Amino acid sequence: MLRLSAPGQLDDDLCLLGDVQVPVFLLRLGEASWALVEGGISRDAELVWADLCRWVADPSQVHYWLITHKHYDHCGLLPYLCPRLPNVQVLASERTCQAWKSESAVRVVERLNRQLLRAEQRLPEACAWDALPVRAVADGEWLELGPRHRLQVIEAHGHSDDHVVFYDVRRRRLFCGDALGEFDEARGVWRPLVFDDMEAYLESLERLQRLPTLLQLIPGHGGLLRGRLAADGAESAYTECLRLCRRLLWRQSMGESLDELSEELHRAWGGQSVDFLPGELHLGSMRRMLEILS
């Protein structure tokens, strides 16, 4: 009752498209206007598209697509659905936009997204990554998407050096991507995802704690959190990061290698993302996190 984990309508203005493991959120801005939030994985294009069209009879009414960060599982749908969305404008940070103009970077994103295709699956036709209708948004920028939707852009680096989150001040609703970590569905706690910069990761969570009380907290994976899970989310994510650090120091101090400890974390936590993150990459991300924290 504190996490909404079924695709479909979540609120009067808000729907979850696709699978809850890598969801795309649909906002109704008006009678003839909509926005998407989060960019998904490429293999989900036809599923997300099918869901979309059952809510939006005219896809030319999809006007904005908000993107938290450049990781392959948060922008993989863009080249494949943007062509079907003639009036969409993609909103993303400056650093996120940069990645889509680099071929070495685009090659990685496309290669990862391809590893996720189902047996015998075919991707739609992709427009050019460097032709996406992007508009760079800045830290603190107010996005007036509609008469009842004003969302603030907030820089939230640490998980990645480009990550931003989008805060609907009216609805107390935060789209937070992976900045709080991965929500542990069985245990109800955040699993830290410190893959770039520990100091920035914690600083972002400090700032996000100072927002007005959250009523809805929407990460990049797992659905919508509400009640105390939203109100306490940023603070709990901070606590869980410090906790992992303290426990890492214990385990290392007893002689456990980063090799064994990363494999242990991989076994403990890889299960939730098995269907959208190759296990070798989850393991490597665990290893990088433990290196950063150490």
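So that there is no doubt, residue numbering starts at 1 and follows the sequence shown.
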query: Mean C-alpha B-factor comparison - 127 to 135 and 159 to 167, higher one; finding: 127 to 135
query: Stretch with the greater mean C-alpha B-factor as recorded in the entry, comparing 210 to 218 against 181 to 189; finding: 181 to 189
query: Options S93, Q121, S204, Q152 - largest CA temperature factor per the record; finding: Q121
query: Residue with maximal Cα B-factor (values as given in the PDB entry) among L174, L117, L81, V194; finding: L117
query: B-factor third for the C-alpha atom of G223 within its chain; finding: lowest
query: Ranked C-alpha temperature factor of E46 among modelled chain residues, by third; finding: middle
query: Modelled-residue ranking by C-alpha temperature factor, third containing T68; finding: lowest
query: Cα B factor band for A32 (lowest, middle or highest third within the chain); finding: highest
query: For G279, the third of its chain into which the C-alpha B factor falls; finding: middle
